[PDB]
Each structure stands twice: as C-alpha cells, then as structure tokens.
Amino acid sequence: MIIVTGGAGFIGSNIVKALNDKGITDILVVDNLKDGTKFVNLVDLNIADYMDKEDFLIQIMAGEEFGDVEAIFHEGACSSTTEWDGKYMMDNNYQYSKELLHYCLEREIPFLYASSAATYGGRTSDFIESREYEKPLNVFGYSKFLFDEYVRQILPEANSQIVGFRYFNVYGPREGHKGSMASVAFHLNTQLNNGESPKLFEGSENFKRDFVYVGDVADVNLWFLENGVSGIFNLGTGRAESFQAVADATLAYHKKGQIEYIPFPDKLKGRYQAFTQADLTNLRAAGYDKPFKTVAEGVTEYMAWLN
C-alpha cells in the first residue's frame, strides 16, 4: 500500500497515474476535494481509498495504522504563491509536513515530499540545494524553505528514506483545476480555444524558467522510491527557457494566434522570480541519469493531450 497526499491535485494525480502504469493500484489518496472539479484528475485512475486532509492528519497524530504502508508521496500543500495567510500556510504546509515526517520516521516508512524552487527566491545563478542560496520571496516559499531546513536537521539521524523534490516550473496534464496557479501553457491553450489572444506578462522577453514536464517529475518520484536514496534534490530540466519559447511551442501546435502583453500584476511585484535554472549536480550524483523533455517536446505532447 502507497499513500499520495495532494493525490487529487496536479503532481499527485500524476504520481498516481505513474503508479497505475507500474501495476500498482493499492493507493490511498489524501486531499481536499472542496473544489469538486478536481475529481477529473482521479476519474480515470485506480485507487484503493480516499481520505480528506483533515481526517488524515487527525489519524496520523493519533498514531492509527493504515495497514502495510510502503511509501508516502507527500504532494499535498497550499500551493498558491499569492496566499498571504501565514497562519494557514505554516499549519497546512510546514506543520502538516512535520507531522507526516514524524509518523513515517517512527514506522520507517519512506517519505517523499514536495519542496519548491520558490525557496531560491530570485537570483540569476547557483540554484544549489543548500541554505546559502535560499531566500524565498513570499510566505508560500518560506513554508517550504523552513520544512527543508527541518528535514536537514533530521537527515543525519534518520533510519529510513527522506526525499524532498525541489520542483521548478512543472506543467502538463491534470492541472485544469489550478486556476491562476496553472501553467502558462495551460492558460495559453484555453485562451486560444476561446478565440481570445494568448497573453504574457510585460517583460517576459527577459523572464526565463526551468520548465519541466510533469511526466518526468513522476518518473523521478518513482525512481527514488525504487532506489532508496535520501536528500533534497532540484527537479527541473537543467535548461532555462523563456516564456516566449513556451508560447512558440503552443502557437505552433494551434497553427494560429499572436502574443499580447498584459501589465505585470501589482500583487507579484517584489515577489517574483525572473529567472530559474535547476542545477542538477546532486540529482545526477544520486544516480538519476535520465534525460528531461525540452519545452518544445513537452509542450507539444501536452497540447495533443489537451485536444
């Protein structure tokens, strides 16, 4: 049996699918299905059971057994970078994670969780998995950062696998529910299907991210499960590409449309990463040697799936 928190969300559901593809269906999904439209992400998948995040937490803290648990993929989190309720953020992200971590540690259950490249918080190089390089620009980022710091305290003493994946800009199938937190690829696709103009922020000529395909993210997750290695690892392609590149791949698929520039949103000024590029040294050194899909490859594959 495997547990996937955030299992009805974007990355989580993709981990579920990947597990299904390996013939594993004995999965417990933990999520918050308040936004019911998220069911789409599970409808075509095969799981054993579903539990709400709040119930799960209660049971975790009471020390309930869930049977023979092989791993927890902890993808569940408040994922909005524009959420400013720190109380909620620190409870739901940081505290929640701590609580899970301890539960796993005590039962020697492999624990594989989601960090974020938001922890790097705006810099132009050296995106390296170490405290010196970390300085989040928002409370979301802070909640992730502090957890990584917590994990770092625990690692030397741990008797079972602990892995944190520092995801960069993930995109692909099963993020339709993320609204304004959905990938630019997604937004452009839906704008184009609506006969609207595809929109980019003002200054996106100079904005670059490490855009990584969700399929690859899933593969990395399973690989680490199979291999047992511990640590905190960047997860991206290693190549930074401009938003313009993403737009290109998208318009190319749709055979139409032309980019329009909207004002840079006030609520992100000072909170924004203008450049990210994953340094994959540690990742490779851990033994994960598979290549990553480029924006051209990933976006077109995604576009096909969206239509």
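The numbering used is simple: start at 1 and walk along the sequence shown.
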query: Entry-level comparison of average CA B-factors, 202-210 and 109-117, reporting the higher stretch; finding: 202-210
query: Mean C-alpha B-factor comparison - 239-247 and 254-262, higher one; finding: 254-262
query: Largest Cα B-factor, entry values, listed residues 148, 83, 157, 216; finding: 157
query: Peak C-alpha temperature factor (PDB record), options 230, 95, 125, 130; finding: 125
query: CA B-factor ranking of residue 281, expressed as a third of its chain; finding: lowest
query: Ranked C-alpha temperature factor of residue 31 among modelled chain residues, by third; finding: lowest
query: Cα B factor band for residue 53 (lowest, middle or highest third within the chain); finding: middle
query: For residue 45, the third of its chain into which the C-alpha B factor falls; finding: lowest
query: Among modelled residues of the same chain, the CA temperature factor third for residue 143; finding: lowest
